[PDB]
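Below you will find one chain, with nothing else, as structure tokens; this is the form deposited without the partner chain, and questions on how it binds or moves follow later.
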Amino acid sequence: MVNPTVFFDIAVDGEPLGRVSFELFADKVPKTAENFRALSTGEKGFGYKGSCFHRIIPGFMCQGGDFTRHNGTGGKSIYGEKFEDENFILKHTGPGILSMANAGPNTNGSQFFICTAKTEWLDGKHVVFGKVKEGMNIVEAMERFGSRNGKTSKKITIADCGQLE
């Protein structure tokens, strides 16, 4: 009944930075929320632990989730390599929105982004499925290691992750 909560513990060149937690909107996008939850616990035998944020653009977003190729060309879902766009009920309203990255219609895998600005031009094209609950300050600290072209100045990793409650 209650929407699940997951955490990431973030590191910067291997040094601990802080924790970011997320509410997942399982009430509105159950299939998409479940994929992110299971990848965060690692319960299917694969997932986010140890992976990096490969593309960070200040004033736009932080992107990660490519645990197979580490550069934006890989990742896989708990349902197979790809799965469909579930719905577009929720919109990209401002900083803290959690949404699926993709390469065209019906190509969701594991890659995701955290908005650091309103990104309304993505509405109806990327599936919104959660939001930052605690640690937006940690996301803002991460964002400072990005650049205009998205290349990071230090390595930003998910040192640990899992489900709270």
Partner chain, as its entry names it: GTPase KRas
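Residue numbers count along the first chain shown, from 1.
When 1-9 is weighed against 155-163, 1-9 comes out higher, by mean CA B-factor as recorded in the entry. Looking at 100-108 and 41-49 together, the entry lists the larger mean B-factor for 41-49, computed on C-alpha atoms. Residues shown: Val128, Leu122, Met61, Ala26. Highest C-alpha temperature factor in the entry: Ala26. The PDB entry assigns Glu34 a C-alpha temperature factor belonging to the middle third of its chain's modelled residues.
Per the PDB record, residue ranking by Cα B-factor puts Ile114 in the lowest third of the chain. Ranked by Cα temperature factor within the chain, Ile57 sits in the lowest third according to the deposited record. Sort the modelled residues of the chain by CA B factor and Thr73 lands in the middle third.
Although not depicted, the form deposited with the partner chain bound is the subject of the following passage.
Among heavy atoms of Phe60, some come within 4.5 Å of the partner chain in the deposited complex. The closest heavy atom approach of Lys155 to the partner chain in the deposited complex falls outside 4.5 Å.
In the deposited complex, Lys131 stays away from the partner chain, with no heavy atom inside 4.5 Å. Proximity of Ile138 to the partner chain in the deposited complex: non-hydrogen atoms within 4.5 Å are absent; the residue sits far from the partner. Heavy atoms closer than or equal to 4.5 Å to the partner chain in the deposited complex belong, across 119-158, to the residues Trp121, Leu122, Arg148, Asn149, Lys151, ordered by sequence position.
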